[PDB]
Each structure stands twice: as structure tokens, then as C-alpha cells.
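See below for work-v4.cif, which holds mmCIF, N, CA and C atoms.
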data_start
#
loop_
_atom_site.label_atom_id
_atom_site.label_comp_id
_atom_site.auth_asym_id
_atom_site.auth_seq_id
_atom_site.Cartn_x
_atom_site.Cartn_y
_atom_site.Cartn_z
N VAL D 399 -11.36 2.78 -3.61
CA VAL D 399 -11.43 2.95 -2.17
C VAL D 399 -10.20 2.34 -1.51
N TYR D 400 -9.79 1.24 -2.00
CA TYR D 400 -8.59 0.58 -1.49
C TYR D 400 -7.37 1.46 -1.69
N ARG D 401 -7.15 2.13 -2.86
CA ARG D 401 -6.01 3.00 -3.15
C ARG D 401 -6.01 4.22 -2.23
N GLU D 402 -7.13 4.80 -2.00
CA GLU D 402 -7.24 5.98 -1.14
C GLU D 402 -6.89 5.64 0.31
N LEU D 403 -7.40 4.61 0.87
CA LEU D 403 -7.09 4.18 2.23
C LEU D 403 -5.62 3.79 2.36
N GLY D 404 -5.16 3.18 1.29
CA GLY D 404 -3.74 2.87 1.28
C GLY D 404 -2.86 4.09 1.39
N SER D 405 -3.16 5.21 0.76
CA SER D 405 -2.40 6.45 0.80
C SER D 405 -2.44 7.08 2.19
N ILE D 406 -3.58 7.07 2.82
CA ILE D 406 -3.75 7.62 4.16
C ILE D 406 -2.90 6.83 5.16
N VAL D 407 -2.86 5.53 5.07
CA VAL D 407 -2.09 4.68 5.97
C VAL D 407 -0.60 4.94 5.79
N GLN D 408 -0.21 5.18 4.54
CA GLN D 408 1.19 5.46 4.27
C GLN D 408 1.61 6.80 4.87
N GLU D 409 0.84 7.81 4.71
CA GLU D 409 1.11 9.13 5.27
C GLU D 409 1.22 9.07 6.80
N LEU D 410 0.30 8.36 7.44
CA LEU D 410 0.31 8.22 8.89
C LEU D 410 1.53 7.43 9.36
N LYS D 411 1.88 6.40 8.52
CA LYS D 411 3.05 5.58 8.85
C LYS D 411 4.33 6.40 8.76
N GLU D 412 4.52 7.15 7.67
CA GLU D 412 5.70 8.00 7.49
C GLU D 412 5.82 9.02 8.62
N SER D 413 4.78 9.62 8.99
CA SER D 413 4.77 10.59 10.08
C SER D 413 5.12 9.93 11.41
N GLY D 414 4.56 8.75 11.58
CA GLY D 414 4.87 8.01 12.79
C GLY D 414 6.33 7.62 12.90
N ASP D 415 6.91 7.19 11.77
CA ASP D 415 8.32 6.82 11.75
C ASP D 415 9.22 8.02 12.02
N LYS D 416 8.96 9.11 11.39
CA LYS D 416 9.73 10.33 11.59
C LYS D 416 9.65 10.81 13.04
N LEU D 417 8.56 10.74 13.69
CA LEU D 417 8.38 11.10 15.09
C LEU D 417 9.26 10.23 15.99
N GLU D 418 9.29 8.87 15.72
CA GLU D 418 10.07 7.94 16.52
C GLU D 418 11.57 8.24 16.41
N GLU D 419 11.93 8.62 15.18
CA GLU D 419 13.32 8.99 14.96
C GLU D 419 13.69 10.24 15.75
N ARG D 420 12.89 11.22 15.79
CA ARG D 420 13.14 12.47 16.50
C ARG D 420 13.15 12.25 18.01
N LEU D 421 12.26 11.43 18.51
CA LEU D 421 12.20 11.15 19.94
C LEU D 421 13.46 10.43 20.41
N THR D 422 13.92 9.55 19.49
CA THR D 422 15.15 8.84 19.82
C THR D 422 16.33 9.81 19.88
N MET D 423 16.34 10.71 19.07
CA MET D 423 17.39 11.71 19.03
C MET D 423 17.34 12.60 20.27
N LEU D 424 16.25 13.05 20.71
CA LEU D 424 16.05 13.97 21.83
C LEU D 424 16.32 13.28 23.16
N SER D 425 16.34 11.92 23.12
CA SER D 425 16.54 11.17 24.35
C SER D 425 18.02 10.84 24.56
N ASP D 426 18.81 11.34 23.69
CA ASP D 426 20.25 11.15 23.85
C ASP D 426 20.75 11.78 25.15
N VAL D 427 21.52 11.09 25.89
CA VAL D 427 21.95 11.47 27.24
C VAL D 427 22.82 12.72 27.16
N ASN D 428 23.60 12.87 26.03
CA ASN D 428 24.51 13.99 25.88
C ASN D 428 23.76 15.31 25.68
N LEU D 429 22.54 15.28 25.31
CA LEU D 429 21.74 16.47 25.06
C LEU D 429 20.95 16.87 26.30
N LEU D 430 20.72 15.86 27.15
CA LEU D 430 19.90 16.11 28.33
C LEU D 430 20.65 16.99 29.33
N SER D 431 19.91 17.98 29.82
CA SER D 431 20.40 18.97 30.77
C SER D 431 21.57 18.43 31.58
N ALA D 432 22.20 19.50 32.26
CA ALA D 432 23.39 19.62 33.11
C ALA D 432 23.49 18.46 34.09
N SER D 433 23.55 17.27 33.42
CA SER D 433 23.93 16.34 34.48
C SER D 433 25.09 16.90 35.31
N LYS D 434 24.86 17.04 36.63
CA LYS D 434 25.98 17.24 37.54
C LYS D 434 27.29 16.76 36.92
N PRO D 435 28.26 17.87 36.69
CA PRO D 435 29.54 17.43 36.12
C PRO D 435 30.01 16.09 36.69
N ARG D 436 30.51 15.33 35.86
CA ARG D 436 31.11 14.07 36.28
C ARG D 436 32.24 14.30 37.27
N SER D 437 32.30 13.47 38.35
CA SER D 437 33.36 13.58 39.33
C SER D 437 34.71 13.20 38.74
N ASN D 438 34.74 12.24 37.75
CA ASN D 438 35.97 11.77 37.12
C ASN D 438 36.29 12.56 35.85
N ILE D 439 37.50 12.82 35.63
CA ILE D 439 37.93 13.53 34.43
C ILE D 439 37.84 12.61 33.22
N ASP D 440 37.06 13.08 32.26
CA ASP D 440 36.86 12.31 31.04
C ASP D 440 38.17 12.12 30.29
N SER D 441 38.43 10.94 29.66
CA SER D 441 39.64 10.62 28.91
C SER D 441 39.85 11.59 27.75
N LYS D 442 38.70 12.26 27.35
CA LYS D 442 38.76 13.16 26.21
C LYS D 442 39.20 14.56 26.63
N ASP D 443 39.23 14.81 27.97
CA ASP D 443 39.65 16.11 28.50
C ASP D 443 41.17 16.16 28.68
N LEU D 444 41.88 16.44 27.65
CA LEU D 444 43.33 16.39 27.61
C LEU D 444 43.94 17.50 28.45
N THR D 445 43.30 18.62 28.55
CA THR D 445 43.80 19.78 29.28
C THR D 445 43.86 19.49 30.78
N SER D 446 42.79 18.88 31.35
CA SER D 446 42.73 18.55 32.77
C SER D 446 43.75 17.47 33.13
N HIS D 447 43.97 16.59 32.18
CA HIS D 447 44.97 15.55 32.41
C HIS D 447 46.38 16.14 32.42
N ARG D 448 46.54 17.04 31.50
CA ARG D 448 47.85 17.69 31.43
C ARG D 448 48.10 18.55 32.66
N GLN I 411 -36.17 -28.04 -53.59
CA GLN I 411 -35.00 -27.28 -53.16
C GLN I 411 -35.33 -26.37 -51.98
N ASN I 412 -36.48 -25.80 -52.15
CA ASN I 412 -36.91 -24.94 -51.05
C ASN I 412 -37.06 -25.73 -49.75
N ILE I 413 -37.66 -26.88 -49.84
CA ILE I 413 -37.84 -27.73 -48.66
C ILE I 413 -36.48 -28.09 -48.07
N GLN I 414 -35.54 -28.40 -48.90
CA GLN I 414 -34.20 -28.74 -48.43
C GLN I 414 -33.52 -27.54 -47.79
N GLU I 415 -33.62 -26.41 -48.54
CA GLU I 415 -33.05 -25.19 -47.98
C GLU I 415 -33.68 -24.85 -46.63
N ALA I 416 -34.91 -24.99 -46.64
CA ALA I 416 -35.62 -24.72 -45.39
C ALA I 416 -35.16 -25.67 -44.28
N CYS I 417 -34.99 -26.93 -44.60
CA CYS I 417 -34.49 -27.90 -43.63
C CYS I 417 -33.13 -27.47 -43.09
N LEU I 418 -32.27 -26.91 -43.94
CA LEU I 418 -30.95 -26.43 -43.52
C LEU I 418 -31.09 -25.23 -42.58
N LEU I 419 -31.96 -24.42 -42.99
CA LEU I 419 -32.20 -23.26 -42.15
C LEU I 419 -32.66 -23.69 -40.76
N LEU I 420 -33.59 -24.61 -40.70
CA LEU I 420 -34.09 -25.12 -39.43
C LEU I 420 -32.95 -25.72 -38.60
N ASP I 421 -32.05 -26.40 -39.33
CA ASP I 421 -30.90 -26.99 -38.65
C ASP I 421 -29.98 -25.90 -38.09
N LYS I 422 -29.73 -24.82 -38.84
CA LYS I 422 -28.92 -23.70 -38.37
C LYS I 422 -29.54 -23.05 -37.14
N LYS I 423 -30.76 -22.81 -37.27
CA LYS I 423 -31.47 -22.22 -36.14
C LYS I 423 -31.36 -23.12 -34.90
N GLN I 424 -31.50 -24.43 -35.22
CA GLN I 424 -31.41 -25.39 -34.12
C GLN I 424 -30.03 -25.33 -33.46
N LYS I 425 -29.05 -25.16 -34.19
CA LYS I 425 -27.70 -25.03 -33.66
C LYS I 425 -27.56 -23.78 -32.79
N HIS I 426 -28.05 -22.73 -33.23
CA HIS I 426 -28.02 -21.49 -32.47
C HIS I 426 -28.73 -21.65 -31.13
N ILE I 427 -29.87 -22.33 -31.22
CA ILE I 427 -30.62 -22.59 -30.00
C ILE I 427 -29.76 -23.37 -29.01
N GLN I 428 -29.07 -24.41 -29.52
CA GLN I 428 -28.20 -25.22 -28.67
C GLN I 428 -27.07 -24.38 -28.09
N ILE I 429 -26.55 -23.39 -28.86
CA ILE I 429 -25.49 -22.50 -28.42
C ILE I 429 -26.01 -21.56 -27.33
N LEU I 430 -27.13 -21.01 -27.52
CA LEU I 430 -27.72 -20.08 -26.56
C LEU I 430 -28.02 -20.78 -25.24
N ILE I 431 -28.48 -22.02 -25.38
CA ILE I 431 -28.75 -22.79 -24.17
C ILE I 431 -27.47 -22.94 -23.36
N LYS I 432 -26.45 -23.37 -24.05
CA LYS I 432 -25.16 -23.50 -23.37
C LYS I 432 -24.66 -22.15 -22.87
N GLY I 433 -24.78 -21.17 -23.75
CA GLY I 433 -24.35 -19.84 -23.37
C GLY I 433 -25.02 -19.33 -22.11
N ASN I 434 -26.30 -19.45 -21.98
CA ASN I 434 -27.05 -18.99 -20.83
C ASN I 434 -26.70 -19.79 -19.57
N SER I 435 -26.47 -21.09 -19.70
CA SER I 435 -26.04 -21.90 -18.57
C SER I 435 -24.68 -21.44 -18.04
N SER I 436 -23.79 -21.13 -18.99
CA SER I 436 -22.47 -20.63 -18.62
C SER I 436 -22.57 -19.26 -17.95
N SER I 437 -23.34 -18.39 -18.48
CA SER I 437 -23.52 -17.06 -17.93
C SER I 437 -24.04 -17.12 -16.49
N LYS I 438 -24.95 -17.98 -16.25
CA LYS I 438 -25.47 -18.17 -14.90
C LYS I 438 -24.35 -18.55 -13.93
N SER I 439 -23.45 -19.49 -14.30
CA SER I 439 -22.32 -19.90 -13.47
C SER I 439 -21.33 -18.76 -13.27
N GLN I 440 -21.19 -18.04 -14.36
CA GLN I 440 -20.28 -16.90 -14.29
C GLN I 440 -20.79 -15.85 -13.31
N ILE I 441 -22.08 -15.51 -13.38
CA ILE I 441 -22.69 -14.55 -12.47
C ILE I 441 -22.44 -14.98 -11.03
N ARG I 442 -22.54 -16.28 -10.71
CA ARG I 442 -22.28 -16.79 -9.37
C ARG I 442 -20.81 -16.62 -8.99
N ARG I 443 -19.93 -16.84 -9.97
CA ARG I 443 -18.50 -16.69 -9.72
C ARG I 443 -18.13 -15.22 -9.49
N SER I 444 -18.69 -14.41 -10.43
CA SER I 444 -18.42 -12.98 -10.32
C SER I 444 -18.89 -12.43 -8.97
N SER I 445 -20.04 -12.83 -8.49
CA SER I 445 -20.55 -12.43 -7.18
C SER I 445 -19.60 -12.85 -6.07
N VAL I 446 -19.07 -14.03 -6.09
CA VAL I 446 -18.15 -14.55 -5.09
C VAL I 446 -16.81 -13.81 -5.12
N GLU I 447 -16.35 -13.34 -6.29
CA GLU I 447 -15.11 -12.59 -6.42
C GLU I 447 -15.21 -11.22 -5.76
N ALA I 448 -16.27 -10.47 -5.91
CA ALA I 448 -16.48 -9.16 -5.31
C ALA I 448 -16.58 -9.26 -3.79
N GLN I 449 -17.19 -10.24 -3.28
CA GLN I 449 -17.32 -10.45 -1.85
C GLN I 449 -15.98 -10.83 -1.22
N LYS I 450 -15.26 -11.66 -1.98
CA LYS I 450 -13.93 -12.05 -1.50
C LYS I 450 -12.99 -10.85 -1.45
N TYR I 451 -13.08 -9.91 -2.41
CA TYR I 451 -12.25 -8.71 -2.44
C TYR I 451 -12.55 -7.80 -1.25
N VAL I 452 -13.78 -7.63 -0.89
CA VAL I 452 -14.19 -6.79 0.24
C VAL I 452 -13.69 -7.41 1.54
N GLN I 453 -13.75 -8.70 1.69
CA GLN I 453 -13.38 -9.39 2.92
C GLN I 453 -11.86 -9.43 3.10
N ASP I 454 -11.11 -9.60 1.94
CA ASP I 454 -9.67 -9.83 2.04
C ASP I 454 -8.90 -8.51 1.96
N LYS I 455 -9.43 -7.54 1.23
CA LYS I 455 -8.60 -6.36 0.96
C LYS I 455 -9.17 -5.12 1.64
N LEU I 456 -10.42 -4.85 1.88
CA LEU I 456 -10.98 -3.59 2.36
C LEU I 456 -11.26 -3.66 3.86
N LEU I 457 -11.76 -4.71 4.37
CA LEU I 457 -12.24 -4.81 5.74
C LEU I 457 -11.08 -4.76 6.73
N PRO I 458 -9.86 -5.19 6.31
CA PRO I 458 -8.74 -5.14 7.26
C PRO I 458 -8.17 -3.74 7.44
N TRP I 459 -8.43 -2.63 6.72
CA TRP I 459 -7.83 -1.31 6.69
C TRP I 459 -8.14 -0.54 7.97
N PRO I 460 -9.39 -0.59 8.51
CA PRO I 460 -9.70 0.20 9.71
C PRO I 460 -8.78 -0.12 10.88
N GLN I 461 -8.31 -1.37 11.02
CA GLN I 461 -7.42 -1.74 12.12
C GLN I 461 -6.04 -1.13 11.94
N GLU I 462 -5.55 -1.06 10.72
CA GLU I 462 -4.25 -0.46 10.44
C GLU I 462 -4.28 1.05 10.68
#

What would the structure in this file look like if it were written as C-alpha cells?
Amino acid sequence: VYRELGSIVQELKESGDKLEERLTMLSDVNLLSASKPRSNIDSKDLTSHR
Amino acid sequence: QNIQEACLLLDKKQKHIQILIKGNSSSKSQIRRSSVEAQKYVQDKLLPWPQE
């Protein structure tokens, strides 16, 4: 009984960890919709600087 | 000779009796220990799982 409950807890834990990882990824600011273009030209935008 | 042999036999039997007495006393203590081990396993290892 102890081995069986142990397996169920592990499966739930692995699923829980994977979910947290995905949520963290989806909350990345660069992925989030059309923030109003930045008013300042990004240092990485070489064309606008030129 | 028979009487002597018989006396030896009685002595052997007597020894066995003394062994069984000890044996049964030990078994009784063991049964108490074994009972305490199973209860301790349920309390320490199984009862905490529902919370996890």
C-alpha cells in the first residue's frame, strides 16, 4: 500500500512541476500581447539608429 | 541399566521442558514487539500520505 501511494504522489508531483514550468514560460513579458510599441528605440534596433 | 537409562531420559526430557518454557516466554515478548512494529509502521509511514 505504501509503494502504490508513493507512485501516485510522484505522478501528481511530476505533473505539478511541469505545469509550473509551462506557466512560467507563458508569463514571459516578450510573449505577452502587443504591448504598445515602446516610445524609445531599442539598442538592438540597429536600423532605426542608423 | 534400565533405571539409569531411564533417569537420563527423564533428564533429557527435563531439559526440553526447560527450553520450551524459555522458548514460550520469549515468543510472548516477541509477539508484543511484533505488534508494536506493525503499529509503528502504520503511524510513521502510511498515515502521513493523505496530506501529501

Residues near region 405-421 of chain D, cut-off 9 Å, only C-alpha atoms, skip fewer than 5 positions along chain, as a list in words: residues 400 and 426 of chain D; 459 and 462 of chain I

I need the chosen residues saved as a PDB file, in the coordinates of the input, with N, CA and C atoms.
ATOM      1  N   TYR D 400      -9.790   1.240  -2.000  1.00  0.00           N
ATOM      2  CA  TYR D 400      -8.590   0.580  -1.490  1.00  0.00           C
ATOM      3  C   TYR D 400      -7.370   1.460  -1.690  1.00  0.00           C
ATOM      4  N   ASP D 426      18.810  11.340  23.690  1.00  0.00           N
ATOM      5  CA  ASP D 426      20.250  11.150  23.850  1.00  0.00           C
ATOM      6  C   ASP D 426      20.750  11.780  25.150  1.00  0.00           C
TER       7      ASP D 426
ATOM      8  N   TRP I 459      -8.430  -2.630   6.720  1.00  0.00           N
ATOM      9  CA  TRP I 459      -7.830  -1.310   6.690  1.00  0.00           C
ATOM     10  C   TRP I 459      -8.140  -0.540   7.970  1.00  0.00           C
ATOM     11  N   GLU I 462      -5.550  -1.060  10.720  1.00  0.00           N
ATOM     12  CA  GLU I 462      -4.250  -0.460  10.440  1.00  0.00           C
ATOM     13  C   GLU I 462      -4.280   1.050  10.680  1.00  0.00           C
TER      14      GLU I 462
END

Members of chain D assigned helix (DSSP H, G or I) by DSSP, as a PyMOL selection string: chain D and resi 400-424+444-447

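Put simply, the PyMOL selection byres ((chain I and name CA) within 12 of (chain D and name CA)) on this file hits residues 451, 452, 453, 454, 455, 456, 457, 458, 459, 460, 461 and 462 of chain I.
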
Taking all atoms of region 430-447 of chain D that appear in the file, build a box with edges along x, y and z, extend it by 6 Å on every side, and state its centre and edge lengths in Å to one decimal, as AutoDock Vina command-line options.
--center_x 33.1 --center_y 15.2 --center_z 32.8 --size_x 38.5 --size_y 21.2 --size_z 25.1

Separation of CA of residue 424 (chain I) from atom C of residue 443 (chain I) in Å: 29.8 Å

One-decimal distance in Å that lies between CA of residue 434 (chain I) and CA of residue 419 (chain I):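 Taking CA of residue 419 (chain I) and CA of residue 434 (chain I), their separation equals 22.3 Å.
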
Coordinates-based distance that separates atom N of residue 431 (chain D) from atom C of residue 446 (chain D) (Å, one decimal):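 Spanning atom C of residue 446 (chain D) to atom N of residue 431 (chain D) is a straight-line distance of 24.1 Å.
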
Mind filling out region 408-423 of chain D with N, CA, C and O atoms and sending it as a compact mmCIF listing (two decimals), in the frame of the given file?
# COMPACT_ATOMS: atom_id res chain seq x y z
N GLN D 408 -0.21 5.18 4.54
CA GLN D 408 1.19 5.46 4.27
C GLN D 408 1.61 6.80 4.87
O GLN D 408 2.70 6.92 5.45
N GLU D 409 0.84 7.81 4.71
CA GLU D 409 1.11 9.13 5.27
C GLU D 409 1.22 9.07 6.80
O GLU D 409 2.12 9.67 7.39
N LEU D 410 0.30 8.36 7.44
CA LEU D 410 0.31 8.22 8.89
C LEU D 410 1.53 7.43 9.36
O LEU D 410 2.14 7.76 10.38
N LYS D 411 1.88 6.40 8.52
CA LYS D 411 3.05 5.58 8.85
C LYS D 411 4.33 6.40 8.76
O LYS D 411 5.18 6.34 9.65
N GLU D 412 4.52 7.15 7.67
CA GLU D 412 5.70 8.00 7.49
C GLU D 412 5.82 9.02 8.62
O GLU D 412 6.90 9.23 9.16
N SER D 413 4.78 9.62 8.99
CA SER D 413 4.77 10.59 10.08
C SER D 413 5.12 9.93 11.41
O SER D 413 5.85 10.51 12.22
N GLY D 414 4.56 8.75 11.58
CA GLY D 414 4.87 8.01 12.79
C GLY D 414 6.33 7.62 12.90
O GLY D 414 6.94 7.75 13.97
N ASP D 415 6.91 7.19 11.77
CA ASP D 415 8.32 6.82 11.75
C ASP D 415 9.22 8.02 12.02
O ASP D 415 10.19 7.92 12.78
N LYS D 416 8.96 9.11 11.39
CA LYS D 416 9.73 10.33 11.59
C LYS D 416 9.65 10.81 13.04
O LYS D 416 10.64 11.29 13.59
N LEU D 417 8.56 10.74 13.69
CA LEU D 417 8.38 11.10 15.09
C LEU D 417 9.26 10.23 15.99
O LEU D 417 9.95 10.75 16.87
N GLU D 418 9.29 8.87 15.72
CA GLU D 418 10.07 7.94 16.52
C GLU D 418 11.57 8.24 16.41
O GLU D 418 12.30 8.15 17.39
N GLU D 419 11.93 8.62 15.18
CA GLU D 419 13.32 8.99 14.96
C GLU D 419 13.69 10.24 15.75
O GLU D 419 14.76 10.30 16.37
N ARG D 420 12.89 11.22 15.79
CA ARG D 420 13.14 12.47 16.50
C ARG D 420 13.15 12.25 18.01
O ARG D 420 13.98 12.83 18.71
N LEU D 421 12.26 11.43 18.51
CA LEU D 421 12.20 11.15 19.94
C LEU D 421 13.46 10.43 20.41
O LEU D 421 13.96 10.70 21.50
N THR D 422 13.92 9.55 19.49
CA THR D 422 15.15 8.84 19.82
C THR D 422 16.33 9.81 19.88
O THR D 422 17.17 9.71 20.77
N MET D 423 16.34 10.71 19.07
CA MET D 423 17.39 11.71 19.03
C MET D 423 17.34 12.60 20.27
O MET D 423 18.37 12.89 20.88
